[PDB]
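A.B. asks: Dropping a structure here in structure tokens format, bear with me for questions.
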Amino acid sequence: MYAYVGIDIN
Amino acid sequence: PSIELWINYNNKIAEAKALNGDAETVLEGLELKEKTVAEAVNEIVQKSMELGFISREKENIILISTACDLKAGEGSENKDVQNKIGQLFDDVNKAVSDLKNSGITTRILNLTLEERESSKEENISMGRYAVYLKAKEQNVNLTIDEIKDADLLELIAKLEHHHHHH
């Protein structure tokens with residue numbers, strides 16, 4: 001709908 | 001840690017959802033909903049640091065992938081949301097500068113919602129899926145099997161080294 005932030009660490 | 005931060009129209013986090021069990025242990029105790037992206041990145045990376053899911057003294061990689069679907073505008077024009085998205089990415093890049101400063105590599109990738117949907121059905125996070133995106137741009141054959149089983153350290157390294165060596 002607006003934004004989706006994917007945070008990947010390791 | 002694999003997390004998806006939903007960002008709503010107030011440029012705040014709607015809900016935080018972990019895709020990995022280690023990330024669940026990161027999210028617990030953190031207020032992230034009235035935070036921005038940089039805030040969430042900082043909270044998550046710092047807790048992962050304390051807990052031992054990321055090393056401060058060792059060389060790591062963090063990938064911030066943002067997927068955005070702009071199917072709304074409101075007010076009188078869609079630029080209202082575009083200014084919010086400008087402030088969104090403004091905030092994203094500031095986090096990169098803040099968290100990478102310890103000697104850790106932090107990078108930004110951009111995705112669309114259709115890419116987000118592909119990562120959801122494979123139950124993987126958008127960061128590792130965004131390295132898959134770069135594989136398709138540089139025309140390297142990486143499979144979804146590769147992306148889900150591999151470490152993000154390996155993923156970013158092989159793609160950025162591909163663009164370095166001829």
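By order in the structure tokens, chains are A, B, ...; within a chain, residues start at 1; ligands start at 1, following the order shown.
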Mind checking which residues fall within 7 Å of segment 1-8 of chain A, counting only C-alpha atoms, ignoring those fewer than 3 positions away in the same chain, and posting them as a VMD selection string?

C.D. replies: chain B and resid 1 to 9 62 to 71 125 to 128

A.B. asks: With C-alpha atoms kept, could you save the residues just selected as a PDB file, in the first residue's frame?

C.D. replies:
```pdb
ATOM      1  CA  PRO B   1      17.718 -11.596  11.224  1.00  0.00           C
ATOM      2  CA  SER B   2      15.067 -11.242   8.497  1.00  0.00           C
ATOM      3  CA  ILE B   3      12.363  -8.568   9.148  1.00  0.00           C
ATOM      4  CA  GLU B   4       9.743  -6.768   7.105  1.00  0.00           C
ATOM      5  CA  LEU B   5       8.769  -3.310   8.291  1.00  0.00           C
ATOM      6  CA  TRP B   6       5.475  -2.151   6.920  1.00  0.00           C
ATOM      7  CA  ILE B   7       5.428   1.541   6.437  1.00  0.00           C
ATOM      8  CA  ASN B   8       2.062   3.293   6.462  1.00  0.00           C
ATOM      9  CA  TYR B   9       0.915   6.659   5.031  1.00  0.00           C
ATOM     10  CA  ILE B  62      23.441  -5.532   6.032  1.00  0.00           C
ATOM     11  CA  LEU B  63      20.979  -5.082   3.247  1.00  0.00           C
ATOM     12  CA  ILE B  64      18.164  -2.657   3.386  1.00  0.00           C
ATOM     13  CA  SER B  65      15.744  -3.335   0.630  1.00  0.00           C
ATOM     14  CA  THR B  66      12.749  -1.150   0.258  1.00  0.00           C
ATOM     15  CA  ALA B  67       9.751  -2.075  -1.846  1.00  0.00           C
ATOM     16  CA  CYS B  68       7.158   0.491  -2.483  1.00  0.00           C
ATOM     17  CA  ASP B  69       3.873   0.490  -4.245  1.00  0.00           C
ATOM     18  CA  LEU B  70       2.408   3.838  -4.837  1.00  0.00           C
ATOM     19  CA  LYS B  71      -1.180   3.276  -5.678  1.00  0.00           C
ATOM     20  CA  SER B 125      12.951 -11.588   3.166  1.00  0.00           C
ATOM     21  CA  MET B 126      13.343  -8.785   0.639  1.00  0.00           C
ATOM     22  CA  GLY B 127      17.005  -8.162   1.367  1.00  0.00           C
ATOM     23  CA  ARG B 128      18.190 -11.543   0.194  1.00  0.00           C
TER      24      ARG B 128
END
```

A.B. asks: Of the residues B:27, B:96, B:133, B:72, which is the one nearest to chain A, using only C-alpha atoms?

C.D. replies: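 That would be B:72, the residue with the smallest distance to chain A.
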
A.B. asks: To test your reading of the structure, identify every residue in chain B that backbone DSSP assigns to helix (DSSP H, G or I), and report it as a PyMOL selection string.

C.D. replies: chain B and resi 21-27+37-51+79-102+113-121+126-137+144-149+152-162

A.B. asks: Which residues come within 9 Å of residue 35 of chain B, counting only C-alpha atoms, excluding same-chain residues fewer than 4 positions away, as a PDB file with C-alpha atoms, in the first residue's frame?

C.D. replies:
```
ATOM      1  CA  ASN B  11       5.634   7.570   7.284  1.00  0.00           C
ATOM      2  CA  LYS B  12       5.573   5.380  10.378  1.00  0.00           C
ATOM      3  CA  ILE B  13       5.893   1.661  10.755  1.00  0.00           C
ATOM      4  CA  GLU B  31       8.854  -0.080  19.916  1.00  0.00           C
ATOM      5  CA  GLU B  39      15.114   4.157  13.504  1.00  0.00           C
ATOM      6  CA  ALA B  40      14.022   0.537  12.882  1.00  0.00           C
TER       7      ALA B  40
END
```

A.B. asks: Report the distance between atom CA of residue 149 of chain B and atom CA of residue 115 of chain B in Å, rounded to one decimal place.

C.D. replies: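 Result for atom CA of residue 149 of chain B versus atom CA of residue 115 of chain B: 18.4 Å, one decimal.
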
A.B. asks: Quick check, in Å to one decimal: how far apart do atom CA of residue 124 of chain B and atom CA of residue 16 of chain B lie?

C.D. replies: 14.8 Å

A.B. asks: Extract the full set of strand (DSSP E) residues from chain A according to DSSP on the backbone, and format it as a PyMOL selection string.

C.D. replies: chain A and resi 3-9

A.B. asks: Go through B:135, B:61, B:159, B:32 one by one, measure the shortest atom-to-atom distance of each to chain A using only C-alpha atoms, and give the residue with the smallest value.

C.D. replies: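 Ranking B:135, B:61, B:159, B:32 by distance to chain A, first place goes to B:61.
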
A.B. asks: Please determine, counting only C-alpha atoms, which residue among B:140, B:130, B:88, B:156 has the shortest atom-to-atom distance to residue 105 of chain B.

C.D. replies: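 The answer is B:156, which sits nearest to residue 105 of chain B.
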
A.B. asks: Counting only C-alpha atoms, which residue out of B:51, B:18, B:26, B:108 sits closest to residue 89 of chain B?

C.D. replies: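 Closest candidate: B:108.
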